[PDB]
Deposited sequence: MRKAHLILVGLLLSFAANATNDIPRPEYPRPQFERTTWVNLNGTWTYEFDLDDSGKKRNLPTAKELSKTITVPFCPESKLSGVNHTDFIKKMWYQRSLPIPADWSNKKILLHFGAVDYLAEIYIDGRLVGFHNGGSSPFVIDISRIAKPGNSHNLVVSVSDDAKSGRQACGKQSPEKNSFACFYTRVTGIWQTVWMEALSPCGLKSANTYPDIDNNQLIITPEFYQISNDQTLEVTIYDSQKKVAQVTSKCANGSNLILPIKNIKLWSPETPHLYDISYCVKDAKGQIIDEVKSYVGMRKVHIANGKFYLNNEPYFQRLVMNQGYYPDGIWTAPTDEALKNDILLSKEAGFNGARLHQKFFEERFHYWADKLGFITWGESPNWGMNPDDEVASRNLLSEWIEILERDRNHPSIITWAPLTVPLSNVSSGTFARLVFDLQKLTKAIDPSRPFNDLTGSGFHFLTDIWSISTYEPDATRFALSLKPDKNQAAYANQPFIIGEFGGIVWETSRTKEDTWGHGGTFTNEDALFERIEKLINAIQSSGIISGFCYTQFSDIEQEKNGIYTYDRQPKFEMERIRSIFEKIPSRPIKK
């Protein structure tokens, strides 16, 4: 079974099934599948390896041309000892519109090709029996309604656009739990008050139901509290001598969640973790844990030669972060894609700061329906990723290459502040223009290093300018297939270093991708250059100044 690992490792139960592996599929050229009763089909015409999209080699299908409509199918065995449980069916992502059938009946649907969804099958699922699961998939970027990221709008890859991703591109899985279990737990690290706040949510709360929370440093229990179950009520976990999370020291505390019925019997157990860290802007600087922090970022566009949007293995996700740090970067912009959850896990574990962004390219910037679609995907991703210490900035919009766009800029700023005030917000990347931002990013690919140094200033005449930390969001981009190359990159880093007013940078980019040969690494993650040299250049500006 491919990608067998637990797909939600910051909220982990043991009672799950991985549904990756061999499914059946069909392309539906004339959109006739419903006429041909595909929802009651027990086997479709061909086979595919989920969770790899059909454009991928790892799917075994390798069909890169446009796929407008397709169908997936497999048998869904429900384990016998899931008796009388709540049973959830989870899809990480399906591009773009998914309609879910069980035993031929429509049980759910999801609009948004990059965001997770869940179907409560508690009422339909018959433990110790097998159902027929059929998934209908639509994908039509030409509509202008879809957030596509870097997926090519042309048949072939060209310029900065790459291979498409249709259908199921993340792990499909099921879990069973108490009807009265823990739906979620938001973690709020508060380093100024030496404590962790937890806000729980339960599916249902019975007679005298309690939740017990224990915090661990390794095996050492450092905090514990019990409470009577109430949605949205605060549990306070005091932590003396907090071990702070940073890229340089990625310390995590373990959490156990224990839900008990009126008899003190355990009905639900969940495992989690947290990184005790604080991020805020003040006085023109960016602060990690109440001290300045210099961001040494590389642009990561999250493409893999054999899996396209899908990492071939857990190891390939982890390895992108290790290769990023070996090049001297302390973090990445996660660009034009919602990354897989386990990527944020390895960023949490290995020590790596990230910007969470969106695949906003490929939407018609005059279509309010495109705006409507991105707002809901964005909410789903904030819900999915809000507990990750590695994410230290949200940046949901890159300018594309008519106030609908300006309206969406302000709506995402207000929505994101309301959902998550813990992280700085960057309203707009890829230009020098801002509407309302915590972060003053600019983009400069000026090849001449004298002209480059002079481009290194914010436009303070813009109404939005309010002494925000100044970040070079995009620079470099040097195309390659040596000493000459190293000089060029070193000249840019020294100009940034000499500036005295810059809070961080992001180098374009981590790896080559198809025709774009502007990575530090090849597309198959091989060094292009003497790594000792690369690292000594990109590491020159320290994480912690002076």
item	value
Sequence ranges without modelled C-alpha atoms (deposited numbering)	1-22, 424-427, 508-524, 590-591
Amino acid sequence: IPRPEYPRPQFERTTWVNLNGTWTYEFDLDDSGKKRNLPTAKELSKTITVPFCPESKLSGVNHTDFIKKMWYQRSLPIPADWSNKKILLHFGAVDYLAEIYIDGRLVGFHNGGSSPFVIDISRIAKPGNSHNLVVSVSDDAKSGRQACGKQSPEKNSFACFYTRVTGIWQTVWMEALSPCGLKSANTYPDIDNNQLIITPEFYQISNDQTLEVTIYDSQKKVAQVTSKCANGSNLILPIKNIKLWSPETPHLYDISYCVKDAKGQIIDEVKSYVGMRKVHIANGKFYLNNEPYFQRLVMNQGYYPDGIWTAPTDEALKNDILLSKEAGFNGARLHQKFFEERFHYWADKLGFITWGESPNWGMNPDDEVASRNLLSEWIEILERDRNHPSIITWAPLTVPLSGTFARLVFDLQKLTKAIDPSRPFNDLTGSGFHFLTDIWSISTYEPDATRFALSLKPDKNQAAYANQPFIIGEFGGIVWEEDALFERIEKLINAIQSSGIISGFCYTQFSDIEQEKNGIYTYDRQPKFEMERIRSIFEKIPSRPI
From here on, numbers count along this sequence of modelled residues.
property	result
Which of 446-454 and 208-216 has higher mean CA B factor, as the PDB entry lists it	446-454
Stretch with the greater mean C-alpha B-factor as recorded in the entry, comparing 501-509 against 28-36	28-36
Selection by C-alpha B-factor (highest) of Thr429, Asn330, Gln195, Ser136	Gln195
Given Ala147, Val409, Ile392, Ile191, the residue at which the Cα B factor reaches its maximum	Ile191
Assigned third (lowest, middle, highest) for the C-alpha B factor of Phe11	middle
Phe66 by Cα B-factor - lowest, middle or highest third of the modelled chain	middle
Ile537 CA temperature factor, ranked by third within the chain	highest
Chain third (lowest, middle, highest) by recorded CA B-factor, residue given as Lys86	middle
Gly167, C-alpha B-factor rank within chain (lowest, middle or highest third)	lowest
